[PDB]
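Notes follow the structure.
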Amino acid sequence: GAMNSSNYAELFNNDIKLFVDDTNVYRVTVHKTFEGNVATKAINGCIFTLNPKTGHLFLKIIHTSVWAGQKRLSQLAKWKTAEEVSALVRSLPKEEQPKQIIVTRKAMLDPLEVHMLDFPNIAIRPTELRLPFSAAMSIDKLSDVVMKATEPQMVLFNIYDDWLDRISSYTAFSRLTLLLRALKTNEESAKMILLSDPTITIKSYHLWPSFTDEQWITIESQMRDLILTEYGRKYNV
Amino acid sequence: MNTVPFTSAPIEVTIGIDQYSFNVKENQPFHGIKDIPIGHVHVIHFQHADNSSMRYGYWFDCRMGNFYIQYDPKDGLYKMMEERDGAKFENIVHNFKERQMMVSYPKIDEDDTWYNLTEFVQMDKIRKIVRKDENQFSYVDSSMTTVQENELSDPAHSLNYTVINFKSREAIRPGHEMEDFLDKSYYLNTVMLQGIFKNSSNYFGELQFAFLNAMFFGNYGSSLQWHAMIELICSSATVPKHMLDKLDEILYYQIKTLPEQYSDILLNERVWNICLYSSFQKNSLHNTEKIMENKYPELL
Ligand SMILES: Cn1cccc1CC(=O)O
């Protein structure tokens with residue numbers, strides 16, 4: 001059924017699974033019209049579909065043209081995301097298809113279940129984890145490819161860079177979620193932490209800087225501090 | 001007017017006939033029910049005084065044969081049987097009437113309740129839902145499961161209602177998933193009405209039969225079927241106007257007849273609130289919405 005802290009290690013077993021996060025599919029700026037009414041302007045979004053064991057990220061870029069002339073866009077966005085995950089599964093060889101898809105928001109359950117009727121053996125599950133995948137658009141190279149898109153496009157990334165050469169997928173997922181939680185709580189400071197040192201760079205083929213193991217321990221500590229600091233600023237503690 | 005004689009009443013029992021009921025004491029001189037209206041299906045049903053477990057009963061149509069009830073002490077229940085010897089049957093009934101050992105089907109002349117509950121219910125369709133082809137009448141009880149229940153276990157003893165499942169390939173066309181899942185008109189009109197039921201009368205007949213088995217036997221799978229067939233209509237944007245008007249009448253009489261004290265178990269809060277207040281047909285069921293709001297405002 002639902003995925004939580006009691007079965008957390010299941011994420012890193014050898015059954016192929018994907019997280020699907022739809023929080024950046026339908027994105028808008030709200031603004032005043034000349035008449036002083038309010039209107040929205042859509043901007044490009046993305047589906048965040050992630051294999052937590054391998055780091056493989058299937059980023060479907062959602063171009064604003066997909067909303068043209070459509071009504072009830074927030075409801076349409078769940079079904080567009082569900083249609084996109086289903087053509088993603090169908091495009092994969094059978095031995096690469098997931099056995100489970102975990103949606104980060106419960107409102108995605110029925111749209112995805114309906115798209116995946118043809119795959120009765122793929123389990124569609126919610127989670128009780130509060131995962132920070134909305135902050136994917138705070139990763140500069142992901143944000144860049146989304147905003148530059150002039151048409152629908154799928155771009156593949158490894159969100160763990162080369163970390164799995166040195167650490168396990170449990171530890172890599174933990175590092176990722178801490179990085180994304182920090183970027184979500186205070187983007188400016190998180191990005192300051194990550195790039196403060198000009199001598200550590202981001203390889204062309206990577207998303208994050210090339211930290212040594214010791215530097216990652218330092219970075220990870222600074223990210224926890226940032227989260228605790230913001231928690232204190234928030235609640236006055 | 002037709003008659004269902006009883007050989008005897010050896011165990012104390014509450015006997016139902018359609019929406020009426022009466023108590024018979026152990027070994028009381030009871031020999032049946034007379035003045036049963038011709039032209040309608042009927043149901044005669046039983047709840048034993050010493051074990052209210054298992055309500056059970058028999059759907060029948062007196063135009064299709066001469067039926068009587070006889071207690072079986074081995075299987076421990078009142079059984080319906082057909083008497084093929086017509087002159088034997090007439091002679092038995094006339095004797096029991098002369099000695100006034102029969103209750104009269106107690107219909108008030110103003111009262112169309114039973115017609116209104118069974119308008120589209122036909123014995124031939126009952127016998128396809130309840131498969132036991134050697135008898136002209138059909139046995140139903142509290143515990144019988146439906147074909148759909150058995151999919152999610154004896155098939156001979158099942159209620160073969162039409163399977164309705166909103167998250168099924170039958171309900172959802174390849175390329176129209178959002179339109180079909182949010183607007184069930186395709187499923188209602190093409191798949192069910194044109195495809196399976198052939199017309200709205202057969203659809204309403206199954207809906208009415210499901211309600212009646214839920215109410216008279218507390219049959220849980222029948223209650224699921226009744227609600228699913230309502231929800232399917234209410235969740236369709238495109239429904240013929242005559243169907244909506246008839247559905248409002250059907251449901252009105254069903255809600256009117258429901259025992260007030262059983263509303264908690266026979267009515268699904270989610271389905272009724274969705275149907276009356278959120279669905280495409282939220283404004284199309286005026287009679288049903290008015291009786292629901294005045295009789296069961298707690299549910300809403
Ligand atoms: C194809 N599509 C994508 C979002 C909504 C739709 C329409 C539908 O599935 O009936």
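The basis for the numbers below is simple: all heavy atoms, side chains too, and nothing from hydrogens, waters or symmetry mates. Just so it is clear: chains get the letters A, B, ... in the order the sequence lines come, proteins before strands, and each one is counted from 1.
- The contact list for residues 159-171 of chain B toward chain A, using heavy atoms and a distance under 4.5 Å, reads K167(B), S168(B), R169(B) by residue number.
- The environment of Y277(B) atom OH is dense: over 12 non-hydrogen atoms of other residues, nucleotides or ligands sit within 6.0 angstrom.
- By the side chain to side chain donor-acceptor pair (under 3.5 Å) test, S284(B) is found to be paired with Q281(B), residues two or more places apart in sequence or in another chain being considered.
- Heavy atoms from other residues, nucleotides or ligands lying under 6.0 Å from NZ of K256(B) number 12 at most.
- Atom OH of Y262(B) is surrounded by 12 or fewer heavy atoms from other residues, nucleotides or ligands within 6.0 Å.
- Applying the 6.0 Å contact sphere to CZ of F280(B) captures more than 12 heavy atoms from other residues, nucleotides or ligands.
- Chain A is approached within less than 4.5 Å, heavy atom to heavy atom, by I172(B), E177(B), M178(B), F181(B), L182(B) from residues 172-200 of chain B, ordered by number.
- Counted within 6.0 Å of NZ on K290(B), heavy atoms from surrounding residues, nucleotides or ligands total 12 or fewer; the atom is thus considered open.
- The number of heavy-atom neighbours closer than 6.0 Å to NZ of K128(B), taken from other residues, nucleotides and ligands shown, is 12 or below.
- Using a 4.5 Å cut-off between heavy atoms, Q75(A) contacts chain B through both its backbone and its side chain.
- Listed by sequence position, the residues of residues 14-40 of chain A in contact with chain B number zero, using a 4.5 angstrom heavy-atom cutoff.
- Enclosure of atom CD in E298(B) by more than 12 non-hydrogen atoms of other residues, nucleotides or ligands within 6.0 angstrom is indicated.
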